[PDB]
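Step one of this worksheet: look at the structure below.
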Amino acid sequence: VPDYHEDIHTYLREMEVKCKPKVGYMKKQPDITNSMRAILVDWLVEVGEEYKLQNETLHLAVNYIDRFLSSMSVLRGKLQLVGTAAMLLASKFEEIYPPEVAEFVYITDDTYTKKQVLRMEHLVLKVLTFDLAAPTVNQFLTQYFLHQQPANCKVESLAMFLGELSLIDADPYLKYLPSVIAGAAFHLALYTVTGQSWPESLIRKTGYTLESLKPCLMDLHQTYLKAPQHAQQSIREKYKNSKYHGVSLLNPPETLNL
Amino acid sequence: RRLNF
Amino acid sequence: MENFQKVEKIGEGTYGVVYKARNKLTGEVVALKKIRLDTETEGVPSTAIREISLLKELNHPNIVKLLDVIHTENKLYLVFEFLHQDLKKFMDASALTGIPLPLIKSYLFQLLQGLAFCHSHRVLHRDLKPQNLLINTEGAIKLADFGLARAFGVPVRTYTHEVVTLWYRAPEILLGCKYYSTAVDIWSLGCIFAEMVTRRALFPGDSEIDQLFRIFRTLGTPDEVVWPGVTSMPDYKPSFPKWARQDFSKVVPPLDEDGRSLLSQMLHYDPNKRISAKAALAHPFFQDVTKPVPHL
C-alpha cells in the first residue's frame, strides 16, 4: 500500500546521502582508472544477462564497488575480483537464488579462485560495514513510475536504460545522487518518447525542479547521444531485446528544449 | 572473461 | 569473542547454535547467533547478509537490537539483545488458561509498532510467526529473525515455491502473486493475533491447497468484488469451491467488536485494502492498551 510510499521515498532520500562514494576517489587511485571502471561495469551487465539477474542486483553491485574503491586502493589485476565479489553480494541481498559461487569463478575464466572470491566478499562487507541496503537509481525510478499519467512502458524501459548508462561512467555521474540521476532519466526518457516533461507530481514529491535537474540532465543527454560510439556497449545490446520495447533503438532527441 | 586493463 | 562467555544454547534457526552469552567486561547478557560460514563452498549466507544489513538500519524498541558484529577469519558472530523466550513457547506454556486479553492487546500493539517501523524503512519481514517473536519479562515483545527479510525499494519478486511457512501465509502468495507487499506481514500478524486469542492456529493447513481452502472456508471464497483481480491470479481456478463467510464472532469468540473489526481488516483478502500497520495502531482496539507482564 502507498501508505508508506511517502515514508519510503523520504527514507530512501535520507539513506542515499549516507551511501555516497567519494567523488574524486578515482583520481586518488594510483593504479585504476575510470576507463577500467567502465570496462568492469559493462562486464557486470553482461554477467547479469548471462545469469538472468535483476537490474537492481547490477545497480547494487556498482554501489558496492564505488564505496569499496573509496576506502581501498585496488590494482588492475584485482579490480575484477572486487567486481565479482560485489555481484555476488548483490545477488545474495537482492535475488531469490543467487548463482553458486562456482559460477562467479567461471565468469572470470578462472582468473581468481573460489577462495579468493569468498574472502574478497568478506572484505567488502568489512569496508562497507554490512551496509548493503543502498538506494539506487533503479529504486528511485520505480518510485517515480507510480506518478506517470498514463503508465508508459517505453518510457519506463528507456528510463531504465539511461539509468544503466550512468553506472558506466563515474566521470560525470558520481557527483549526482541516485534520486537526481533517476529524475534526469525519467525526464529524458519521458521527453524522448512523448515530448513531455518532468511532472509537477514529482516536483512536489521530490522537491526537485526541472531546472535543478538540468546539470545532470545535460550530462545524461550527452551520454545518450554518444551511446552508440561508446567503447562499452553491453547496455545497448541489453535493451535491444524486445523484453525492453527495443528502446535503445529509439532516436535520441538532438536537443533538450531547456 | 579475464578483463585486460 | 574474547569478552564473551557462553552460558548455554537457547535454540537455533538460520545460522544456528544461538547461544546465551555474557559479556565478561560489562556484564550484559546477550544472544550469540554464530554463523558457521563455508570457508570454501558458499561464503556468507544470504540470510546473514539480509539480517545484518537490515537490522543495522532498524533501531526500534520492538525490533531486536543487533549490538555488534564480529568478523573473524572463519567465523562471523552476531550479537543481539537477549530475550528469554519466544511467543510460541509462551503460548504452549499458556495453553490451558489462555494468554490473557490485556497481554494479547499489548503484544499486538507493539508488534504493529515494530512492523510500522520496518515497513516505513522499506523492509518486509516475510516470515512473521510466533517462533520469530521474542518476549522479555517486562512485557515487551520484539520482531526477530530477519534472515528472509527483504528491502522493497523495488518490489520484491516472490519465490515460485514459497519457503516461508504455510500457516501464516497470505492468500495472495498461495495464489501465485508476482510480488510481496507490506500486506503479507499484516496477514501473518493477523493470524498470530487470532492464534493467541483462541490458543490454536487460525489456518493450519496441510498443503498449499489445503491452506487456501481453510482460509476460503472461514473467510469465504473470494470473488472479484472482495478482491479485484483474483480470478486473474496464476494459481486461481474456476473449480475452487465457493464457501460463504462463517460467523467471525465464532472464529474468535473471546474477542469483542473492536477486536473483531481489527482482525477482519488484517485478514482482508485484497492486499490493497488490507490495513497497514500504521493505520492499525489508530484502531480503537488499542484505546485501553496497557503493558502487563507475562507469567512465563
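Ordered as shown in the C-alpha cells, chains take letters A, B, and onward, while each chain numbers its residues from 1 and ligands are numbered from 1 in the order shown.
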
Show me a table, sorted first by chain and then by increasing residue number, of the residues of chain C having an atom at most 6 Å from chain A, each with its shortest atom pair and the distance in Å to one decimal, counting only C-alpha atoms and written as a Markdown table.
```
| residue | atom | partner | partner_atom | distance |
| --- | --- | --- | --- | --- |
| C:40 | CA | A:115 | CA | 5.5 |
| C:43 | CA | A:118 | CA | 5.5 |
| C:46 | CA | A:92 | CA | 4.8 |
| C:50 | CA | A:93 | CA | 5.9 |
| C:53 | CA | A:130 | CA | 5.2 |
| C:120 | CA | A:7 | CA | 5.5 |
| C:122 | CA | A:8 | CA | 5.8 |
| C:153 | CA | A:139 | CA | 5.2 |
| C:154 | CA | A:139 | CA | 5.2 |
| C:272 | CA | A:1 | CA | 5.7 |
```

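When the distance limit is 8 Å and only C-alpha atoms are what count, the residues near residue 105 in chain C, minus those fewer than 6 positions from it on the same chain, are residues 285, 286, 289 and 290 of chain C.
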
Would you export the selected residues with C-alpha atoms as a CSV table (one decimal), in the first residue's frame, please?
```csv
chain,number,residue,atom,x,y,z
C,285,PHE,CA,-9.0,-1.8,19.9
C,286,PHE,CA,-5.8,-0.1,21.3
C,289,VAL,CA,-3.9,-0.7,25.8
C,290,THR,CA,-1.6,-1.2,28.8
```

- Item | Who sits within 8 Å of range 236-245 of chain A, only C-alpha atoms, same chain under 3 positions skipped, as a ChimeraX atom specification | /A:49,153-154,157-158,161,227-228,233,248-249

- Item | residue 2 in chain B surroundings by only C-alpha atoms, 12 Å radius, close-in-sequence under 3 positions cut, as a PyMOL selection string | (chain A and resi 39-40+43+76-81+84+105-112) or (chain B and resi 5)

- Message: For residue 251 in chain A, find every residue with an atom within 10 Å (counting only C-alpha atoms), except residues of its own chain fewer than 2 positions away, and show them as a VMD selection string.
- Response: chain A and resid 192 to 193 224 to 225 247 to 249 253 to 254

Go ahead and write the residues just picked, C-alpha atoms, as an mmCIF file, in the first residue's frame.
```
data_model
loop_
_atom_site.group_PDB
_atom_site.id
_atom_site.type_symbol
_atom_site.label_atom_id
_atom_site.label_comp_id
_atom_site.auth_asym_id
_atom_site.auth_seq_id
_atom_site.Cartn_x
_atom_site.Cartn_y
_atom_site.Cartn_z
ATOM 1 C CA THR A 192 12.222 11.206 -25.780
ATOM 2 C CA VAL A 193 9.093 9.061 -26.113
ATOM 3 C CA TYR A 224 22.615 9.244 -24.653
ATOM 4 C CA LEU A 225 23.737 10.931 -27.864
ATOM 5 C CA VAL A 247 14.099 1.444 -26.562
ATOM 6 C CA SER A 248 17.835 1.525 -27.342
ATOM 7 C CA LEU A 249 16.744 1.820 -30.969
ATOM 8 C CA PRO A 253 16.443 13.982 -29.466
ATOM 9 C CA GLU A 254 19.267 16.260 -30.525
#
```

- Message: At a cut-off of 12 Å, using only C-alpha atoms, what residues contact residue 35 in chain C? Leave out same-chain residues fewer than 2 positions from it and give the result as a PyMOL selection string.
- Response: chain C and resi 12-19+32-33+37-39+43-49+52+69-72+74-79

- Message: I need the helix (DSSP H, G or I) residues of range 98-161 of chain C per DSSP on the backbone, written as a ChimeraX atom specification.
- Response: /C:101-120,130-132

N, CA, C and O atoms of the current selection, written as a tab-separated table (two decimals), in the first residue's frame:
```tsv
chain	number	residue	atom	x	y	z
C	101	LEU	N	-6.26	-11.40	27.78
C	101	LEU	CA	-6.59	-10.48	26.73
C	101	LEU	C	-5.72	-9.23	26.77
C	101	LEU	O	-5.28	-8.75	25.73
C	102	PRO	N	-5.54	-8.63	27.95
C	102	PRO	CA	-4.77	-7.39	28.04
C	102	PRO	C	-3.36	-7.61	27.50
C	102	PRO	O	-2.71	-6.70	26.97
C	103	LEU	N	-2.88	-8.84	27.59
C	103	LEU	CA	-1.49	-9.04	27.22
C	103	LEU	C	-1.43	-9.23	25.71
C	103	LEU	O	-0.53	-8.73	25.05
C	104	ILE	N	-2.45	-9.88	25.15
C	104	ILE	CA	-2.55	-10.00	23.71
C	104	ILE	C	-2.62	-8.66	23.04
C	104	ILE	O	-1.98	-8.42	22.02
C	105	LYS	N	-3.41	-7.75	23.60
C	105	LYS	CA	-3.51	-6.40	23.05
C	105	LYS	C	-2.16	-5.65	23.09
C	105	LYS	O	-1.83	-4.89	22.16
C	106	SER	N	-1.41	-5.79	24.19
C	106	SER	CA	-0.12	-5.11	24.32
C	106	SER	C	0.78	-5.69	23.27
C	106	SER	O	1.46	-4.98	22.55
C	107	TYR	N	0.83	-7.01	23.22
C	107	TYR	CA	1.72	-7.66	22.28
C	107	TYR	C	1.42	-7.29	20.83
C	107	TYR	O	2.34	-7.01	20.07
C	108	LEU	N	0.17	-7.30	20.41
C	108	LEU	CA	-0.16	-6.91	19.04
C	108	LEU	C	0.15	-5.43	18.78
C	108	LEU	O	0.61	-5.07	17.70
C	109	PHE	N	-0.05	-4.57	19.77
C	109	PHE	CA	0.23	-3.12	19.61
C	109	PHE	C	1.72	-2.91	19.34
C	109	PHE	O	2.16	-2.07	18.56
C	110	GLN	N	2.53	-3.62	20.09
C	110	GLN	CA	3.97	-3.49	19.97
C	110	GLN	C	4.42	-4.06	18.63
C	110	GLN	O	5.29	-3.51	17.98
C	111	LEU	N	3.84	-5.18	18.22
C	111	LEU	CA	4.27	-5.86	17.03
C	111	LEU	C	3.92	-4.95	15.85
C	111	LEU	O	4.68	-4.84	14.89
C	112	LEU	N	2.71	-4.38	15.88
C	112	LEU	CA	2.31	-3.39	14.88
C	112	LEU	C	3.25	-2.18	14.83
C	112	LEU	O	3.48	-1.59	13.78
C	113	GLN	N	3.80	-1.82	15.98
C	113	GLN	CA	4.69	-0.67	16.06
C	113	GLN	C	6.01	-1.03	15.42
C	113	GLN	O	6.62	-0.19	14.77
C	114	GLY	N	6.43	-2.29	15.59
C	114	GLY	CA	7.68	-2.78	15.03
C	114	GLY	C	7.51	-2.95	13.54
C	114	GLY	O	8.35	-2.57	12.73
C	115	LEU	N	6.36	-3.48	13.17
C	115	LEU	CA	6.11	-3.64	11.75
C	115	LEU	C	6.01	-2.31	11.00
C	115	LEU	O	6.31	-2.24	9.81
C	116	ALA	N	5.48	-1.29	11.68
C	116	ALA	CA	5.23	0.00	11.05
C	116	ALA	C	6.59	0.59	10.77
C	116	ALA	O	6.86	1.16	9.70
C	117	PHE	N	7.46	0.46	11.76
C	117	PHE	CA	8.84	0.91	11.59
C	117	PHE	C	9.59	0.22	10.42
C	117	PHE	O	10.25	0.90	9.65
C	118	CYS	N	9.46	-1.09	10.28
C	118	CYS	CA	10.15	-1.83	9.23
C	118	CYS	C	9.64	-1.33	7.92
C	118	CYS	O	10.41	-1.03	7.01
C	119	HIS	N	8.32	-1.39	7.77
C	119	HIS	CA	7.66	-1.03	6.51
C	119	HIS	C	7.95	0.40	6.03
C	119	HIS	O	8.18	0.62	4.83
C	120	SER	N	7.92	1.36	6.97
C	120	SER	CA	8.35	2.74	6.73
C	120	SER	C	9.85	2.85	6.40
C	120	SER	O	10.31	3.84	5.82
C	130	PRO	N	5.02	-17.01	15.44
C	130	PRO	CA	5.25	-16.98	16.88
C	130	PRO	C	6.63	-17.47	17.28
C	130	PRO	O	7.18	-16.99	18.26
C	131	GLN	N	7.28	-18.29	16.48
C	131	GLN	CA	8.67	-18.60	16.83
C	131	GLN	C	9.62	-17.41	16.71
C	131	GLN	O	10.65	-17.33	17.39
C	132	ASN	N	9.33	-16.50	15.79
C	132	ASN	CA	10.26	-15.43	15.42
C	132	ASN	C	9.90	-14.13	16.18
C	132	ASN	O	10.47	-13.06	15.93
```

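The coordinates place CA of residue 32 in chain A at 6.1 Å from CA of residue 75 in chain A.
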
- So, counting only C-alpha atoms, which residue among C:294, C:98, C:259, C:271 is closest to residue 179 in chain C?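 Of C:294, C:98, C:259, C:271, the one nearest residue 179 in chain C, counting only C-alpha atoms, is C:271.
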
- Mind the document's chain letters and residue numbers, and return as a PyMOL selection string the residues of range 38-165 of chain C that DSSP labels strand (DSSP E). chain C and resi 66-71+76-81+85-86+123-124+133-135+141-143+150-151

- Query: Taking only C-alpha atoms into account, which of A:190, A:61, A:160, A:47 comes nearest chain B?
  - Reply: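 Of the candidates, the smallest distance to chain B is held by A:47.
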
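Coordinates place CA of residue 66 in chain A at a distance of 24.5 Å from CA of residue 73 in chain C.
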
- Quote the spacing between CA of residue 248 in chain C and CA of residue 260 in chain C in Å to one decimal place.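 Interatomic distance, CA of residue 248 in chain C to CA of residue 260 in chain C: 7.3 Å.
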